[PDB]
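Some notes on the structure that comes next.
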Amino acid sequence: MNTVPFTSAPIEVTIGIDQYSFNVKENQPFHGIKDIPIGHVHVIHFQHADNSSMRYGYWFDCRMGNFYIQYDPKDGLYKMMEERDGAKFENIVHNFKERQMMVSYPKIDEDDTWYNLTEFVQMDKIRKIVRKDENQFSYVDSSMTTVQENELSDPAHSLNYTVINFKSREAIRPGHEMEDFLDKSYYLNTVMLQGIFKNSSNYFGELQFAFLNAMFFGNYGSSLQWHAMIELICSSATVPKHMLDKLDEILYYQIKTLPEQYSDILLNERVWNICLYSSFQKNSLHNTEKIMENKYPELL
Amino acid sequence: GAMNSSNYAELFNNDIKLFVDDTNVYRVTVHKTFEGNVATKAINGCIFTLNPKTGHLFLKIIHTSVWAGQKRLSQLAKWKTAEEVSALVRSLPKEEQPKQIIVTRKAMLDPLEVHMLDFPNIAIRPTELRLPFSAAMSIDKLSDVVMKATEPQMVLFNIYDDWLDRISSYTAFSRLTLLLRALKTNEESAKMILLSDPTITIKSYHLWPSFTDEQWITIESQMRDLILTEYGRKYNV
Ligand SMILES: Cc1cc(C(=O)Nc2ccc(N)cc2)co1
């Protein structure tokens with residue numbers, strides 16, 4: 001188990017660690033989060049009590065270094081940093097544990113939720129989507145726009161998701177205009193899976209990472225990307241059976257976890273009704289369709 | 001954006017543009033089989049592509065052989081239309097290529113957009129207008145070349161005859177649309193009107209009769225009346 005210590009908590013803030021979130025009061029004696037499961041990526045994330053605007057946060061993996069949080073009063077936010085002096089880090093963590101000023105990552109032993117939501121997400125791929133190579137962790141917030149969004153303004157602070165565009169020369173082979181637009185299998189299997197992503201794990205990892213940024217930060221372009229990647233699969237007549245079955249599991253946990261009150265802003269009526277009811281894969285997402293119809297029949 | 005009553009004069013500026021209408025592309029007669037089931041038989045169709053400023057019509061004839069062995073013809077028809085319009089644009093010198101293509105049914109936007117991906121600078125637009133181009137097969141000479149075709153074929157017409165020697169393209173397009181609306185509302189009456197006086201003939205190289213200025217005014221008034229009168233009865237005035 002790993003720890004992310006906090007130098008202090010000078011401003012009132014709601015702190016999130018993956019699906020768990022807790023309130024910290026202005027100058028409450030809070031010094032971090034312990035018992036964080038090793039083996040998965042994680043996201044810590046903040047919403048200042050004063051400004052519900054700008055939820056932001058940091059993806060990280062505890063195997064890639066010793067990380068801590070420290071408020072910056074010039075820039076006005078909780079900043080993640082790396083401690084390179086490993087002896088200094090163990091010493092600090094131990095003192096804070098002894099004095100019991102850390103919350104425990106509160107995982108129930110039955111609960112595979114976080115794993116199911118991050119199965120294919122890898123830090124190495126996150127750092128390619130969020131470019132900032134001097135840090136081992138990656139910052140995201142509500143307002144960051146995507147590379148495709150910038151094509152339709154600061155390229156350094158963007159989400160470099162893979163561009164998917166159904167009405168593009170990439171998507172559409174000359175002479176198969178109708179065939180390729182109505183059955184996207186060529187674009188899915190050859191262009192994207194074999195050409196760009198190399199395998200379905202990498203494809204699913206971007207898809208889960210887009211969902212997670214949409215759900216935790218309401219990053220509109222992330223939500224756009226998640227729906228695009230679902231639609232590309234659903235609108236392909238020929239998809240390996242193992243991908244379909246995995247996709248049903250992925251989406252199932254995403255819908256299970258999605259907060260009920262953000263379902264109107266995070267779910268696209270058109271994409272879901274199409275994927276569940278019109279697409280080639282309309283009979284291939286049994287678990288997803290069952291949960292969608294019992295939890296959000298209003299959308300459908 | 002969409003074309004409607006308010007950006008109507010844009011049709012007659014000097015930006016090249018085409019209307020594409022696909023309503024006569026896939027045509028069928030419905031009939032009964034020996035067993036008492038229903039079956040369709042396709043008949044020749046045509047893509048109606050018109051430059052509203054010059055009158056030039058590019059009538060792409062769609063021979064029934066192009067449907068042989070195909071499924072979901074109504075859907076294929078939209079893609080076939082887009083394919084042919086795209087070939088037409090590509091066949092034209094650059095300086096004659098359109099800057100806009102206005103489709104008369106929204107179902108054509110996506111098929112045309114996909115086929116025109118190589119022309120990012122050509123705007124594909126819908127319209128809110130209820131234009132009567134479907135009545136083009138009520139024009140005897142156009143119907144005749146469509147029905148006689150034995151292979152795919154493109155035929156070129158000027159749908160305003162020589163009108164532009166005397167009227168503006170705005171006035172020409174208004175005349176054409178009144179004639180076609182009339183033909184769509186009541187074809188028999190519309191045609192009786194046009195041909196009653198056997199002394200006013202259709203030149204061999206024309207589609208409509210050789211009326212004088214004053215005779216067009218009378219004709220135009222008669223087509224307005226006929227169109228009035230079925231609005232005088234369809235909504236029980
Ligand atoms: C505008 C907006 C607020 C939020 C939000 O708070 N998300 C979130 C936060 C925590 C958890 N567990 C789950 C989801 C998303 O969009």
Side-chain angles (χ1 to χ4, degrees), chain A residues 4 6 9 11-25 30 32-37 40-60 69 76-78 80 103-108 110-119 121 126 129-130 137-146 149 157-159 161 206-230 250-269 271-272 288 291-292 295-296 298-299:
Chain A
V4 172
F6 276 55
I11 73 173
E12 208 152 290
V13 55
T14 302
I15 300 181
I17 173 76
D18 310 350
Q19 64 267 48
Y20 314 100
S21 298
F22 53 94
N23 307 308
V24 170
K25 294 297 176 310
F30 172 85
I33 309 165
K34 64 177 198 174
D35 305 328
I36 298 168
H40 309 125
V41 307
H42 298 289
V43 62
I44 179 178
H45 38 114
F46 310 84
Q47 187 180 334
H48 299 178
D50 63 7
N51 185 59
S52 52
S53 304
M54 148 198 92
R55 288 172 39 93
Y56 67 98
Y58 300 90
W59 292 94
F60 66 96
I69 298 292
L77 82 182
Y78 286 96
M80 177 159 288
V103 294
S104 176
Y105 183 97
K107 191 186 163 299
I108 308 321
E110 168 198 33
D111 184 25
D112 269 336
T113 291
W114 190 249
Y115 172 85
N116 291 336
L117 286 169
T118 60
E119 181 168 358
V121 180
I126 288 180
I129 289 160
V130 197
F137 50 87
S138 287
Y139 172 93
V140 182
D141 68 28
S142 315
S143 68
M144 287 166 56
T145 51
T146 61
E149 277 189 301
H157 207 56
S158 289
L159 295 165
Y161 292 116
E206 185 166 327
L207 192 162
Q208 292 178 314
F209 178 65
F211 167 72
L212 289 169
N213 289 319
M215 170 167 79
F216 287 124
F217 310 112
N219 185 265
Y220 181 74
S222 289
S223 179
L224 286 167
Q225 185 58 24
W226 175 56
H227 284 91
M229 297 193 77
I230 303 176
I250 287 173
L251 296 178
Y252 174 77
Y253 284 103
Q254 285 170 342
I255 305 298
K256 180 175 166 65
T257 306
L258 216 235
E260 317 85 16
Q261 295 264 295
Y262 304 140
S263 74
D264 46 286
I265 53 135
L266 300 164
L267 280 180
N268 189 277
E269 179 183 274
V271 178
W272 282 98
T288 293
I291 196 174
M292 274 292 285
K295 187 175 183 196
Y296 303 117
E298 321 89 39
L299 202 89

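Just follow the structure's listing: the first ligand is 1, and inside any ligand the first atom is 1. Labels below follow one simple rule: chain letters A, B, ... track the order of the sequence lines, proteins then strands, and each chain is numbered from 1. The figures that follow rest on heavy atoms only: side chains count, while hydrogens, waters and symmetry mates do not.
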Close approach, A:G16 and ligand 1, non-hydrogen under 4.0 angstrom: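 False for this residue.
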Protein heavy atom under 4.0 Å of atom 10 (C) of ligand 1: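 Yes, there is one.
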Determine, considering heavy atoms only, which of A:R55, A:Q261, A:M215 sits nearest to atom 6 (O) of ligand 1.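 Comparing heavy atoms across A:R55, A:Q261, A:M215, the nearest one to atom 6 (O) of ligand 1 lies in A:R55.
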Element-labelled atoms of ligand 1 that are located less than 4.0 Å from some non-hydrogen atom of A:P259: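 Listed by number with element: 13 (C), 14 (C).
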Contacting atoms of ligand 1, where contact means under 4.0 angstrom from a heavy atom of A:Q19: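 Once the distances to A:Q19 are compared, the set is 12 (N).
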Going by atom types only, do A:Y105 and A:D18 share a side-chain donor-acceptor pair under 3.5 Å?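 Yes, side-chain donor-acceptor contact under 3.5 Å.
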With a 3.5 Å cut-off and no angle check, do the side chains of A:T146 and A:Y220 form a donor-acceptor pair?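 Per modelled atom types, A:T146 and A:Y220 side chains form no pair under 3.5 Å.
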So which heavy atom on A:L258 is nearest to which on A:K295, and how close?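 Shortest heavy-atom separation between A:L258 and A:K295 comes out as O-NZ, 3.1 Å.
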Ring centroid separation A:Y56 to A:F46 under 6.0 Å: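 Yes, the ring of A:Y56 comes within the 6.0 Å limit of the ring of A:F46, centre to centre.
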Verify whether the ring centers belonging to A:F209 and A:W59 lie closer than 6.0 Å.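 Between A:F209 and A:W59, the centre distance is under 6.0 Å.
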For atom 4 (C) of ligand 1, what is the nearest protein heavy atom, given as residue, atom name and distance?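 That would be A:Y262 CE1, 3.5 Å.
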